[PDB]
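Asks: Can you keep this structure in mind? I'll have questions shortly.
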Amino acid sequence: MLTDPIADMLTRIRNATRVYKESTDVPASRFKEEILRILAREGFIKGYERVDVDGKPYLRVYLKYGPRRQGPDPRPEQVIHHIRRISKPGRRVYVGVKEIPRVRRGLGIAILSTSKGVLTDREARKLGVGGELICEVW
Amino acid sequence: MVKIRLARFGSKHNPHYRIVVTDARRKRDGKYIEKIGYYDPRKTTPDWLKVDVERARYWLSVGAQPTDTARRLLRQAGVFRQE
Amino acid sequence: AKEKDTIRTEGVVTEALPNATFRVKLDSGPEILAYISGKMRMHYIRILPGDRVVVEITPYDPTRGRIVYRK
Amino acid sequence: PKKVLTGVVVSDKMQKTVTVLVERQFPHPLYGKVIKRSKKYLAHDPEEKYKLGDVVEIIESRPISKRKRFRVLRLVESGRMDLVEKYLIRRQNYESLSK
Amino acid sequence: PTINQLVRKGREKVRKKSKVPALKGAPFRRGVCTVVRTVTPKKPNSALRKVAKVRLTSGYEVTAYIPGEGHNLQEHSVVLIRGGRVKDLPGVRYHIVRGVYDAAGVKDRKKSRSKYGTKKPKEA
Amino acid sequence: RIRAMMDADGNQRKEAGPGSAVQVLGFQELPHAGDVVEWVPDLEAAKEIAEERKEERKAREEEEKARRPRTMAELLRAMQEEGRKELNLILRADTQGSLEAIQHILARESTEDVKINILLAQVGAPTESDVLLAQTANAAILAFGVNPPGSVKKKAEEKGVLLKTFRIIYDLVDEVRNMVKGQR
Amino acid sequence: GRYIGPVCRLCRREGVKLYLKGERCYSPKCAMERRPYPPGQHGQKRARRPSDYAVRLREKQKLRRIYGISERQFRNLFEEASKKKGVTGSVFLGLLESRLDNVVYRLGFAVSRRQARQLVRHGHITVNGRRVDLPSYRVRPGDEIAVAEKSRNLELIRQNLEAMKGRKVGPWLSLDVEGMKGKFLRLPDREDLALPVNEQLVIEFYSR
RNA sequence: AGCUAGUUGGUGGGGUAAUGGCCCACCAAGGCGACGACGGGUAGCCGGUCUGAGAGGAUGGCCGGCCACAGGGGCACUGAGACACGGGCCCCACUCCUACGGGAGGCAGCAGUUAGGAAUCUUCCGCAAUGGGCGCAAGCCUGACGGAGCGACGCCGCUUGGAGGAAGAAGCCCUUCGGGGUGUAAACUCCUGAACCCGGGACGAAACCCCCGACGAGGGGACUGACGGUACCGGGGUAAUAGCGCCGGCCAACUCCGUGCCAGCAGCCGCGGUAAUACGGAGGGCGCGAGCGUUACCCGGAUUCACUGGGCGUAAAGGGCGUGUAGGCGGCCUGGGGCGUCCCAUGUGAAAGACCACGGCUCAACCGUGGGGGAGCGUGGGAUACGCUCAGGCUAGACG
Ligand SMILES: [Mg+2]
Ligand SMILES: [Zn+2]
């Protein structure tokens, strides 16, 4: 059984980033969609869309990629260097307003699931509401 | 019973007294109910002694029976004086 | 300080004993545990049970001595 | 504010007494994960009005017996005996691993 | 592994091995020297190394190393035990602290006197 | 510092003039018999004096000790291989002015093949340390004027060491005369 | 307790002039100039490459010597600096300077730091009314030091004043050369002090 | 790994200030347990402290609270309150007297004695301050406490001089014989002046008391010092204790003699068997300094029990597999409930500390004042993204 969906999605994204494929296709969820939107806003992905592969609702994700690095190891540069599902199921981490992480000292982002919706670290700080630290993104 | 009394803290030869509200059967350093004021015998500071008046009055009303020195201090401050 | 209060007595090797050490029956008295000289080891002088060797006994415990001279 | 608790009636095997399973979900003080952790409370029922497999509201009260410090306030919902069954099964299992 | 596992059983906290049984973690135990003798050290090292079988205030019959250029120790000598191993010697975990009771200071030390309990020399 | 002074009559004395026997309490160590008591202005000075005395005595004692195992080649051998077996004994008396007497008496009583040895001689009560020492050495604990403490006595009984308690010097001497033995 | 004993030896050990006597430590006599190498035998020897720790340690020693303080005290000061917010090095330096003796030295009250300390000890130095006799006296900014009432007519002090008559004082300091007075104004920053020490290294040394 | 027989519940009563199996009678047969009972060991607990980047980890000394015991055990009495540290009764254990029938005892109060033991203070002065108790009051009592004594046992503060002063004395040490080192260090000139002596001299102590005012507020009066002739000030006034560790790499700092796998050192690698930067000494250095090192424990480094933050083909490590119970965990959508989760507010989170600010003791330690913070925990309101739960549906999992 697919035991965590959000985490799975994140993993897929990571894989895509590693492989230099322009677009991947993850199963449909509202939470997932919101997360994707947030990511897009941040700039971590090129965009997202919802489609239907076979007879199942699906989410296409446009991966953003850095310009081609000239010379040795000629791969383009990565935008999503690292993702981590922090609030792992049966471990599930929750933070207050004071314990909101400034991950990579303002450069990397965490995404928080909150009473006020799924939202960014900065936004959370502004609004003054703690919640579920779903994912570390940098 | 309940007493307004002076709690010694500080150093040797440098005493400091807490004008305080506490039970009679207690350590002269012990778990007191409330810190109402403070007093330095050595008069070393300009604001050498100070007690909050209203609280003291309230305590008195309730029935806090002060120690003699404490009473004197209170009087000096201006608690027992009424108009 | 360096205290040379050591007995330098002759003895016949009798028993093949442990840790580069040979029970040597002394002419001063008993068979002890007296171990090889480092010099001897360096030179690889092999000793058999039946050599008339010089033993360096330290008076603190006559149990242990030292096989000094080459045979 | 007396301690008000939610739990199921697991045992009516004694007169005037209901046994109540109160399940509290607290996070682990170090590992940050929630443990669904249970405790049994013996509650006073002056009528035997309450029965095997009822979820009830249990109030912290003045004692009636040695570890019977709870009054039964009201019945919340009656007939979710599944939990009770589970508890029973657990108990049965407990018998198994002795020798 | 899994946090759940930890929750179930927990991390078995390290019961740190007590490296010296001079009882209680006592810094210094006074002992009666039963028999003082000399010892062959180890495979990499060779010397007639000075030792004393010392019995203790605790009721412990141990072997104890004597530092210092020649001991003074008798057969029913009153001693104070340091502890702190010797890499050469088998069964031996204790220094004898020189400069106390019946172990007098090492004669003609002038540099590292503190460890061996010898008093300041009178200068000219 | 003087804590208590008490005459032979059994009375508490705060002041004692020249020429009266007082039970003076307050000495950190048990002083020797016929020791001259002296007055000091302060404590530090007294301490200093004591230290000086110790230095005088102890160094000399050490020196005396050091000129005994001179030769270690042959002399040591002679002195390690012992023909006439010795008996060890550790004494505890009531006063300083009896222990010494006892020692004097028993120093003569040594002509036999078995030669008596004093390893520890102090005034006062026997203890578990003493028992331990005895166990280590195979020694006898003898007491004059001092009764054994209950715990100590019990320890002596169970561990298997010689415990002795006496009323007269003569009795002690007699007991000692049995300890040399003969085997045949 | 002080260091006490041979002074310019320490300077020699570091290899940079430390000014631990004032005069002579200014003239061709500090031993920096006549001989520039470390003391004792292997001072004139081949100088080996020092370890990372070692350099830092040396720097720290240099600093301490320059300020003439016991190690424990220095450590305490460092700790205090760390506790306070800002620039843990510059702030630390400032705090050190705020030591009364150092301030006195700066104001030209005495030509050497040890000398200054001695002066302070012997009741010759007054901080706003009271003669203060402990060099560990920490001065908070905008505060007045003066040569004491009964020490104003002593020769050494006069000489010192003469020496500092003409030559200017640090921007955190002001001195009344007429009446043997000296206000400590600003708290001395690092930029004000062209000290040979690098505080960073010291900090690093302290860390572990 | 099962434990339980007043044990779990009841009815009635007793007992309590009060509930209750606290106790008893009678009925019932339960109760707890692997979410770790019962058993063994261990251990007063915490506010804290030490450490640590933090999370944690260890510890619970002093100080503050609470518990518990006053030789061991048992039990009541009196009172507001004890099952009563310097009350009681009783048995035992032990010490102490006995005219042998019997009584006396209890320092885990301060001091002290011993004994254990590595090791721990004075049979100190005082009711002056604060507090206690009694008293109308004076006042009496107070080993609470205030202080003094001893111990570098901690921590902090200062002294052991400063300024000159050789292209370099002696002494000692090396040298390639020139020289170098000790080292401006000394000597010596100048200057200051801990100690020390005199002269004074406290703050802490203004009240309770008396009188006027009504014995109220208020006004005046007076006494009252263990510390202590101390602190501290004013004058004088001596140049006036430096020690310990280490010096091969870690790790700061090197040469020579002596020694020859010996004597030794060592925390670890290991040094030592004839030129030892590792041993003994000497010079020289370096670290600290009235201290320094050794030992013991604790934490750290040790992300060597890994929550933050380790792993498991071959290193230590996947059980031999299957089915399966507890347990843990869980697809998508819509709606509620709002347990978790977040938040806002409040209450608590005592004081002392720790942190920030200022202030006192000539600084600092120490202390004082104020402030903030502070996990957690209750109460009231809110939020519904995410778990949880209820309800409805779906078809990607799974089953047929
Ligand atoms: Mg020899
Ligand atoms: Zn110089």
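Chain identifiers are assigned as A, B, and so on, following the order in which chains appear in the structure tokens; residues are numbered from 1 within each chain, and ligands are numbered from 1 in order of appearance.
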With only C-alpha atoms (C1' of nucleotides) and all ligand atoms counted, collect every polymer residue having an atom within 6 Å of ligand 1; state the result as a list in words.

Replies: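 Result of the 6 Å neighbour search around ligand 1: residues 4 and 6 of chain C; 262 of chain H.
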
Asks: Just the selected residues (N, CA and C atoms (P, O5', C5', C4', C3', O3' and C1' of nucleotides)), exported as a PDB file, in the first residue's frame, please.

Replies:
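So result16.pdb came out as:
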ATOM      1  N   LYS C   4      73.303   0.113  41.733  1.00  0.00           N
ATOM      2  CA  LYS C   4      73.968  -1.155  41.427  1.00  0.00           C
ATOM      3  C   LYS C   4      74.237  -1.934  42.714  1.00  0.00           C
ATOM      4  N   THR C   6      73.243  -5.174  42.713  1.00  0.00           N
ATOM      5  CA  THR C   6      72.850  -6.430  42.069  1.00  0.00           C
ATOM      6  C   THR C   6      73.890  -7.551  42.182  1.00  0.00           C
TER       7      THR C   6
ATOM      8  P     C H 262      66.720  -5.978  30.036  1.00  0.00           P
ATOM      9  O5'   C H 262      67.485  -5.119  31.140  1.00  0.00           O
ATOM     10  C5'   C H 262      66.784  -4.402  32.181  1.00  0.00           C
ATOM     11  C4'   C H 262      67.773  -3.734  33.106  1.00  0.00           C
ATOM     12  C3'   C H 262      67.193  -2.809  34.168  1.00  0.00           C
ATOM     13  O3'   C H 262      66.819  -3.532  35.339  1.00  0.00           O
ATOM     14  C1'   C H 262      69.085  -1.797  33.137  1.00  0.00           C
TER      15        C H 262
END

Asks: Could you pull the residues within 10 Å of residue 143 in chain H, counting only C-alpha atoms (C1' of nucleotides), minus those fewer than 2 positions along the same chain, as an MDAnalysis selection string?

Replies: chainID H and resid 109:111 145

Asks: Fewer than 6 positions away in the same chain doesn't count, so skip those; otherwise give me all residues within 12 Å of residue 40 in chain B, counting only C-alpha atoms (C1' of nucleotides), as a ChimeraX atom specification.

Replies: /B:6-11,13-19,46-51,73 /H:129,203-204,360,367-369

Asks: At what distance in Å, to one decimal, does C1' of residue 29 in chain H lie from CA of residue 56 in chain D?

Replies: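 Between CA of residue 56 in chain D and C1' of residue 29 in chain H the gap is 24.9 Å.
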
Asks: To check your reading of the model: which residues sit at most 8 Å from ligand 2 when counting only C-alpha atoms (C1' of nucleotides) and all ligand atoms? Write the answer as a count of residues only.

Replies: 18

Asks: Find the residues near residue 99 in chain E: any atom within 7 Å, counting only C-alpha atoms (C1' of nucleotides), skip ones fewer than 2 places away on the same chain, and give them as JSON, numbers by chain.

Replies: {"E": [97, 103, 104, 105, 116, 117, 118]}

Asks: Name all residues at most 6 Å from range 91-108 of chain A (count only C-alpha atoms (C1' of nucleotides); drop same-chain ones fewer than 2 positions away) and give them as a list in words.

Replies: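 Final neighbour list, sorted by chain and number: residues 87, 88, 89, 128, 129, 130, 131, 132, 133 and 138 of chain A; 33 of chain D.
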
Asks: Would you put the residues from that selection into a file with C-alpha atoms, as a PDB file, in the first residue's frame?

Replies:
ATOM      1  CA  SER A  87       6.391  15.542   9.303  1.00  0.00           C
ATOM      2  CA  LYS A  88       6.746  11.789   8.551  1.00  0.00           C
ATOM      3  CA  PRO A  89       3.586   9.750   9.325  1.00  0.00           C
ATOM      4  CA  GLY A 128       1.556  34.304  13.670  1.00  0.00           C
ATOM      5  CA  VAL A 129       0.217  30.722  13.458  1.00  0.00           C
ATOM      6  CA  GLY A 130       2.245  27.532  13.977  1.00  0.00           C
ATOM      7  CA  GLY A 131       1.448  24.141  12.471  1.00  0.00           C
ATOM      8  CA  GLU A 132       2.637  20.993  10.693  1.00  0.00           C
ATOM      9  CA  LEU A 133       6.131  21.192   9.210  1.00  0.00           C
ATOM     10  CA  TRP A 138      15.944  23.744  -0.783  1.00  0.00           C
TER      11      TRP A 138
ATOM     12  CA  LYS D  33       5.007  10.963  17.992  1.00  0.00           C
TER      13      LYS D  33
END

Asks: What are the DSSP strand (DSSP E or B) residues of chain B, as a PyMOL selection string?

Replies: chain B and resi 2-8+17-23+34-39+49-51

Asks: Once you count only C-alpha atoms, what closest atom pair and distance in Å to one decimal does each residue of chain C within 10 Å of chain E have, with rows by chain and rising residue number, as CSV?

Replies:
residue,atom,partner,partner_atom,distance
C:1,CA,E:108,CA,6.8
C:2,CA,E:69,CA,7.4
C:3,CA,E:70,CA,7.8
C:19,CA,E:43,CA,7.9
C:20,CA,E:43,CA,9.6
C:21,CA,E:40,CA,9.6
C:33,CA,E:40,CA,9.7
C:34,CA,E:40,CA,9.7
C:35,CA,E:40,CA,8.5
C:36,CA,E:46,CA,9.5
C:37,CA,E:46,CA,9.2
C:38,CA,E:46,CA,8.0
C:57,CA,E:48,CA,9.8
C:58,CA,E:48,CA,8.4
C:59,CA,E:38,CA,9.9
C:60,CA,E:37,CA,6.8
C:61,CA,E:37,CA,5.5
C:62,CA,E:38,CA,8.7
C:63,CA,E:38,CA,7.7
C:64,CA,E:38,CA,7.0
C:65,CA,E:48,CA,8.0
C:66,CA,E:48,CA,8.8

Asks: Write out, as an mmCIF file, in the first residue's frame, the residues just selected, with N, CA, C and O atoms.

Replies:
data_model
loop_
_atom_site.group_PDB
_atom_site.id
_atom_site.type_symbol
_atom_site.label_atom_id
_atom_site.label_comp_id
_atom_site.auth_asym_id
_atom_site.auth_seq_id
_atom_site.Cartn_x
_atom_site.Cartn_y
_atom_site.Cartn_z
ATOM 1 N N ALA C 1 69.291 8.258 40.309
ATOM 2 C CA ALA C 1 70.183 7.626 41.330
ATOM 3 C C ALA C 1 71.019 6.473 40.749
ATOM 4 O O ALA C 1 72.252 6.501 40.849
ATOM 5 N N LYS C 2 70.336 5.493 40.139
ATOM 6 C CA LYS C 2 70.927 4.260 39.570
ATOM 7 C C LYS C 2 71.662 3.404 40.629
ATOM 8 O O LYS C 2 72.842 3.634 40.931
ATOM 9 N N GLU C 3 70.941 2.429 41.184
ATOM 10 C CA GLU C 3 71.447 1.580 42.271
ATOM 11 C C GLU C 3 71.976 0.231 41.771
ATOM 12 O O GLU C 3 71.198 -0.669 41.419
ATOM 13 N N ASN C 19 58.810 -16.607 28.935
ATOM 14 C CA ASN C 19 58.927 -15.197 28.462
ATOM 15 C C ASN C 19 60.357 -14.675 28.284
ATOM 16 O O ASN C 19 60.746 -13.647 28.858
ATOM 17 N N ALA C 20 61.102 -15.395 27.438
ATOM 18 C CA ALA C 20 62.560 -15.274 27.263
ATOM 19 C C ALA C 20 63.295 -15.287 28.616
ATOM 20 O O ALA C 20 63.986 -14.336 28.990
ATOM 21 N N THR C 21 63.107 -16.402 29.323
ATOM 22 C CA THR C 21 63.448 -16.587 30.736
ATOM 23 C C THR C 21 63.819 -18.055 30.899
ATOM 24 O O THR C 21 63.197 -18.919 30.283
ATOM 25 N N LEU C 33 63.674 -17.501 38.465
ATOM 26 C CA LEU C 33 63.081 -17.223 37.148
ATOM 27 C C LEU C 33 64.073 -16.087 36.948
ATOM 28 O O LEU C 33 64.055 -15.135 37.722
ATOM 29 N N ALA C 34 64.911 -16.198 35.910
ATOM 30 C CA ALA C 34 65.906 -15.182 35.495
ATOM 31 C C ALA C 34 65.682 -15.154 33.982
ATOM 32 O O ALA C 34 65.703 -16.192 33.291
ATOM 33 N N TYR C 35 65.474 -13.945 33.479
ATOM 34 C CA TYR C 35 65.197 -13.739 32.072
ATOM 35 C C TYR C 35 66.391 -13.178 31.318
ATOM 36 O O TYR C 35 67.212 -12.468 31.885
ATOM 37 N N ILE C 36 66.441 -13.496 30.027
ATOM 38 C CA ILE C 36 67.491 -13.099 29.078
ATOM 39 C C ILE C 36 67.886 -11.608 29.122
ATOM 40 O O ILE C 36 67.076 -10.746 29.488
ATOM 41 N N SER C 37 69.139 -11.322 28.767
ATOM 42 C CA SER C 37 69.566 -9.960 28.448
ATOM 43 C C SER C 37 68.999 -9.551 27.094
ATOM 44 O O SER C 37 68.907 -10.370 26.173
ATOM 45 N N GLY C 38 68.618 -8.280 26.994
ATOM 46 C CA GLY C 38 68.228 -7.669 25.738
ATOM 47 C C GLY C 38 69.332 -7.719 24.714
ATOM 48 O O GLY C 38 69.056 -7.939 23.533
ATOM 49 N N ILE C 57 70.827 -10.717 39.886
ATOM 50 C CA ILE C 57 69.724 -10.737 40.858
ATOM 51 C C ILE C 57 69.616 -9.368 41.539
ATOM 52 O O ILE C 57 70.635 -8.797 41.954
ATOM 53 N N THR C 58 68.387 -8.853 41.641
ATOM 54 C CA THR C 58 68.082 -7.627 42.402
ATOM 55 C C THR C 58 67.436 -8.020 43.753
ATOM 56 O O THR C 58 66.402 -8.702 43.760
ATOM 57 N N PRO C 59 68.042 -7.589 44.893
ATOM 58 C CA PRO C 59 67.749 -8.099 46.253
ATOM 59 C C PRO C 59 66.318 -7.885 46.767
ATOM 60 O O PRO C 59 65.953 -8.449 47.805
ATOM 61 N N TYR C 60 65.538 -7.078 46.050
ATOM 62 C CA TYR C 60 64.153 -6.770 46.409
ATOM 63 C C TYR C 60 63.262 -8.010 46.348
ATOM 64 O O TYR C 60 62.440 -8.234 47.242
ATOM 65 N N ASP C 61 63.445 -8.807 45.294
ATOM 66 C CA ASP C 61 62.854 -10.141 45.188
ATOM 67 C C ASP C 61 63.805 -11.064 44.407
ATOM 68 O O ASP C 61 64.020 -10.855 43.203
ATOM 69 N N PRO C 62 64.390 -12.075 45.094
ATOM 70 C CA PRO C 62 65.314 -13.022 44.453
ATOM 71 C C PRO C 62 64.622 -13.986 43.481
ATOM 72 O O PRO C 62 65.289 -14.840 42.889
ATOM 73 N N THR C 63 63.302 -13.837 43.334
ATOM 74 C CA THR C 63 62.485 -14.618 42.400
ATOM 75 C C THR C 63 62.962 -14.410 40.966
ATOM 76 O O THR C 63 63.150 -15.381 40.224
ATOM 77 N N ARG C 64 63.178 -13.147 40.597
ATOM 78 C CA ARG C 64 63.534 -12.793 39.226
ATOM 79 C C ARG C 64 64.946 -12.225 39.125
ATOM 80 O O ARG C 64 65.347 -11.374 39.928
ATOM 81 N N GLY C 65 65.690 -12.731 38.144
ATOM 82 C CA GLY C 65 67.038 -12.260 37.828
ATOM 83 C C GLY C 65 67.184 -11.962 36.347
ATOM 84 O O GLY C 65 66.186 -11.797 35.640
ATOM 85 N N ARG C 66 68.430 -11.899 35.880
ATOM 86 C CA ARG C 66 68.713 -11.615 34.475
ATOM 87 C C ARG C 66 69.926 -12.376 33.965
ATOM 88 O O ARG C 66 71.020 -12.244 34.498
#

Asks: If you count only C-alpha atoms (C1' of nucleotides), which residues fall within 12 Å of residue 229 in chain H, apart from same-chain ones fewer than 3 positions away, as a PDB file with N, CA and C atoms (P, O5', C5', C4', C3', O3' and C1' of nucleotides), in the first residue's frame?

Replies:
ATOM      1  P     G H 200      43.399  58.245  69.852  1.00  0.00           P
ATOM      2  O5'   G H 200      42.108  58.206  68.915  1.00  0.00           O
ATOM      3  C5'   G H 200      41.241  59.353  68.795  1.00  0.00           C
ATOM      4  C4'   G H 200      40.776  59.543  67.368  1.00  0.00           C
ATOM      5  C3'   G H 200      39.476  58.850  66.995  1.00  0.00           C
ATOM      6  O3'   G H 200      38.343  59.599  67.424  1.00  0.00           O
ATOM      7  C1'   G H 200      41.079  58.545  65.269  1.00  0.00           C
ATOM      8  P     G H 201      37.130  58.867  68.184  1.00  0.00           P
ATOM      9  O5'   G H 201      36.513  57.920  67.059  1.00  0.00           O
ATOM     10  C5'   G H 201      35.915  58.455  65.860  1.00  0.00           C
ATOM     11  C4'   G H 201      35.731  57.362  64.832  1.00  0.00           C
ATOM     12  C3'   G H 201      35.106  56.073  65.345  1.00  0.00           C
ATOM     13  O3'   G H 201      33.693  56.122  65.506  1.00  0.00           O
ATOM     14  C1'   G H 201      37.044  55.540  64.121  1.00  0.00           C
ATOM     15  P     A H 202      33.009  55.362  66.743  1.00  0.00           P
ATOM     16  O5'   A H 202      32.818  53.879  66.185  1.00  0.00           O
ATOM     17  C5'   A H 202      31.574  53.429  65.605  1.00  0.00           C
ATOM     18  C4'   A H 202      31.328  54.112  64.280  1.00  0.00           C
ATOM     19  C3'   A H 202      30.129  53.596  63.490  1.00  0.00           C
ATOM     20  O3'   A H 202      28.981  54.365  63.839  1.00  0.00           O
ATOM     21  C1'   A H 202      32.061  53.536  62.125  1.00  0.00           C
ATOM     22  P     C H 232      39.852  47.902  55.065  1.00  0.00           P
ATOM     23  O5'   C H 232      39.354  49.408  55.214  1.00  0.00           O
ATOM     24  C5'   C H 232      38.261  49.933  54.435  1.00  0.00           C
ATOM     25  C4'   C H 232      37.853  51.282  54.973  1.00  0.00           C
ATOM     26  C3'   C H 232      38.956  52.327  54.995  1.00  0.00           C
ATOM     27  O3'   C H 232      39.161  52.934  53.721  1.00  0.00           O
ATOM     28  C1'   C H 232      37.852  52.318  57.086  1.00  0.00           C
TER      29        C H 232
END

Asks: Could you pull the residues within 7 Å of range 270-283 of chain H, counting only C-alpha atoms (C1' of nucleotides), minus those fewer than 4 positions along the same chain, as a PyMOL selection string?

Replies: (chain C and resi 1+38-39+42) or (chain H and resi 173+248+254+260-261+264-265)

Asks: Just write the chosen residues, N, CA, C and O atoms (P, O5', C5', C4', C3', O3' and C1' of nucleotides), as a PDB file, in the first residue's frame.

Replies:
ATOM      1  N   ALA C   1      69.291   8.258  40.309  1.00  0.00           N
ATOM      2  CA  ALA C   1      70.183   7.626  41.330  1.00  0.00           C
ATOM      3  C   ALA C   1      71.019   6.473  40.749  1.00  0.00           C
ATOM      4  O   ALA C   1      72.252   6.501  40.849  1.00  0.00           O
ATOM      5  N   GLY C  38      68.618  -8.280  26.994  1.00  0.00           N
ATOM      6  CA  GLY C  38      68.228  -7.669  25.738  1.00  0.00           C
ATOM      7  C   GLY C  38      69.332  -7.719  24.714  1.00  0.00           C
ATOM      8  O   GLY C  38      69.056  -7.939  23.533  1.00  0.00           O
ATOM      9  N   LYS C  39      70.574  -7.545  25.176  1.00  0.00           N
ATOM     10  CA  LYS C  39      71.770  -7.627  24.341  1.00  0.00           C
ATOM     11  C   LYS C  39      71.819  -8.978  23.630  1.00  0.00           C
ATOM     12  O   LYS C  39      72.056  -9.057  22.413  1.00  0.00           O
ATOM     13  N   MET C  42      69.244  -9.304  20.968  1.00  0.00           N
ATOM     14  CA  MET C  42      69.677  -8.525  19.811  1.00  0.00           C
ATOM     15  C   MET C  42      70.673  -9.317  18.977  1.00  0.00           C
ATOM     16  O   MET C  42      70.563  -9.375  17.747  1.00  0.00           O
TER      17      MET C  42
ATOM     18  P     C H 173      77.890  23.852  35.071  1.00  0.00           P
ATOM     19  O5'   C H 173      77.332  24.052  33.593  1.00  0.00           O
ATOM     20  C5'   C H 173      76.037  23.538  33.238  1.00  0.00           C
ATOM     21  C4'   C H 173      75.496  24.208  32.000  1.00  0.00           C
ATOM     22  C3'   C H 173      76.218  23.926  30.697  1.00  0.00           C
ATOM     23  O3'   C H 173      75.967  22.611  30.227  1.00  0.00           O
ATOM     24  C1'   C H 173      75.460  26.178  30.780  1.00  0.00           C
ATOM     25  P     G H 248      59.845  15.932  24.901  1.00  0.00           P
ATOM     26  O5'   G H 248      59.344  15.497  23.455  1.00  0.00           O
ATOM     27  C5'   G H 248      60.090  15.828  22.272  1.00  0.00           C
ATOM     28  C4'   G H 248      59.683  14.923  21.139  1.00  0.00           C
ATOM     29  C3'   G H 248      58.225  15.036  20.716  1.00  0.00           C
ATOM     30  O3'   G H 248      58.090  16.053  19.728  1.00  0.00           O
ATOM     31  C1'   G H 248      58.756  12.763  21.113  1.00  0.00           C
ATOM     32  P     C H 254      61.371  24.959  20.817  1.00  0.00           P
ATOM     33  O5'   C H 254      62.816  24.288  20.785  1.00  0.00           O
ATOM     34  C5'   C H 254      63.024  22.935  21.230  1.00  0.00           C
ATOM     35  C4'   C H 254      64.480  22.741  21.581  1.00  0.00           C
ATOM     36  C3'   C H 254      65.142  21.460  21.074  1.00  0.00           C
ATOM     37  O3'   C H 254      66.492  21.776  20.734  1.00  0.00           O
ATOM     38  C1'   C H 254      65.383  21.598  23.406  1.00  0.00           C
ATOM     39  P     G H 260      74.748   1.327  32.715  1.00  0.00           P
ATOM     40  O5'   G H 260      74.047   0.721  31.417  1.00  0.00           O
ATOM     41  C5'   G H 260      72.914  -0.166  31.512  1.00  0.00           C
ATOM     42  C4'   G H 260      72.123  -0.162  30.220  1.00  0.00           C
ATOM     43  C3'   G H 260      72.610  -1.111  29.131  1.00  0.00           C
ATOM     44  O3'   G H 260      71.507  -1.696  28.450  1.00  0.00           O
ATOM     45  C1'   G H 260      72.663   1.117  28.327  1.00  0.00           C
ATOM     46  P     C H 261      71.015  -3.171  28.830  1.00  0.00           P
ATOM     47  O5'   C H 261      69.542  -2.925  29.387  1.00  0.00           O
ATOM     48  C5'   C H 261      68.518  -2.345  28.558  1.00  0.00           C
ATOM     49  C4'   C H 261      67.294  -3.227  28.529  1.00  0.00           C
ATOM     50  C3'   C H 261      67.497  -4.593  27.872  1.00  0.00           C
ATOM     51  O3'   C H 261      67.617  -5.757  28.706  1.00  0.00           O
ATOM     52  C1'   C H 261      65.565  -3.445  26.974  1.00  0.00           C
ATOM     53  P     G H 264      63.739   1.322  39.486  1.00  0.00           P
ATOM     54  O5'   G H 264      63.091   2.663  38.929  1.00  0.00           O
ATOM     55  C5'   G H 264      62.305   2.672  37.729  1.00  0.00           C
ATOM     56  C4'   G H 264      62.533   3.963  36.987  1.00  0.00           C
ATOM     57  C3'   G H 264      61.299   4.546  36.313  1.00  0.00           C
ATOM     58  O3'   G H 264      60.636   5.453  37.183  1.00  0.00           O
ATOM     59  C1'   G H 264      62.985   4.228  34.695  1.00  0.00           C
ATOM     60  P     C H 265      59.052   5.365  37.360  1.00  0.00           P
ATOM     61  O5'   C H 265      58.506   6.115  36.070  1.00  0.00           O
ATOM     62  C5'   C H 265      58.847   7.495  35.838  1.00  0.00           C
ATOM     63  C4'   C H 265      58.556   7.885  34.410  1.00  0.00           C
ATOM     64  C3'   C H 265      57.099   7.794  33.982  1.00  0.00           C
ATOM     65  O3'   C H 265      56.386   8.967  34.362  1.00  0.00           O
ATOM     66  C1'   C H 265      58.527   6.900  32.293  1.00  0.00           C
TER      67        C H 265
END

Asks: Please, which residues of chain D lie no more than 9 Å from chain A when the count uses only C-alpha atoms, and can they be set out as a ChimeraX atom specification?

Replies: /D:31-34

Asks: Which chain E residues are at most 9 Å from chain D (counting only C-alpha atoms), as a tab-separated table (two decimals) with C-alpha atoms, in the first residue's frame?

Replies:
chain	number	residue	atom	x	y	z
E	3	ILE	CA	10.75	5.89	16.13
E	4	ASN	CA	7.89	3.52	16.91
E	6	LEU	CA	12.21	3.22	20.12
E	7	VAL	CA	8.92	4.17	21.77
